[PDB]
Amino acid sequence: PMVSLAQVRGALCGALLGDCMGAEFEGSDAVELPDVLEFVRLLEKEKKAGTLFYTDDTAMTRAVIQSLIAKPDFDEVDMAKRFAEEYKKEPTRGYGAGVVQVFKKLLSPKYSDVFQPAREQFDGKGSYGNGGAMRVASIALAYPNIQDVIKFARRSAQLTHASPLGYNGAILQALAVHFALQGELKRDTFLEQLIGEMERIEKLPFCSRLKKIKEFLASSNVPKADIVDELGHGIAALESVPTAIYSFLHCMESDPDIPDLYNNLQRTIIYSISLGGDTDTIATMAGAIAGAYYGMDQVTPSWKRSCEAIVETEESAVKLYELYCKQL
């Protein structure tokens, strides 16, 4: 049962890789698997280290981590402060057009309720973007109890994403990492775990997305086009978090298009990015799930050395592991 440092480090490094590599194709509407496979080859031969920069996905991931270390019992005010101060420090990391206002509002003295800026988004409807899920992995790595994972995924997500679609997307991504983490579950048990939890929480949309995943996994050679059409590859959590989960699950086996000299974590990241659209966020999420599942053994030296801040990430993984051991 017990989660290893290799799993915590794997998840965080998987998350970093997915963001840094996915970022190179973000928003390019026609992205082809051939471009990704050529990208990876170039990457492996780069002489200089640290050439791939992380984006807001990692900036927000680090703020989550720093809040949990400072306030292990979960302090949404501390976390809110860290999101806003990181934005203020490095505003060009690639934040969504909507979420900038929450950070600007949190930095002002006008709000005492840290959830209120998020409540105000889109004419009071709140954001359904995937920004809550892109950064949420560390909750499942820090809190062994699945209920803490659910409630803290929601509250952390709700700092910016007040639509149920946003925060239920965050809960689902946290759950996927949570269940990926405990053992090496089989595809069917993992999905059964996920379908069961989301039924309770719903996020209805996400539940039926999980059903579509079951169907797809029961087929072979499903074209990208069917996955993009049915699961999505968009900015919305509904159109990215299930897609991240599918990429992970699919790449548990050989994909005929990806050379099988790439390991599962590499395949997952490669496959994820090939879906196009919001490539940095879908890959960071799929990479977190795969990293938690397969661990650091599949985070290869040549891949990880190419990301900005890999060392700080590895360090932060050690501190997350120590805080996971404190909760046991």
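Quick note: we count residues from 1 along the sequence shown, nothing fancier. Think of the rigid core as the biggest set of C-alphas that the two forms share within 1.5 Å after superposition.
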item	value
Greater Cα displacement in 7 other deposited structures of this protein once the core is superposed, comparing 235-243 with 182-190	182-190
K203 left out of the model in a third or more of other PDB entries	yes
Unmodelled stretch of the deposited sequence separating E202 from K203, binned as none, 1 to 3, 4 to 9 or 10 or more	10 or more
Residue range whose averaged C-alpha B-factor is higher in the record, 60-68 or 268-276	268-276
Of 123-131 and 72-80, the stretch whose C-alpha atoms average the higher B-factor in the entry	123-131
Given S156, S219, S138, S247, the residue at which the Cα B factor reaches its maximum	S219
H178, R93, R209, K89, ranked by C-alpha B-factor: the highest one	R209
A142 - Cα temperature factor, lowest/middle/highest third of chain	lowest
Record-listed C-alpha B factor of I289: chain third	lowest
Ranked against its chain, the third holding the CA B-factor of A30	highest
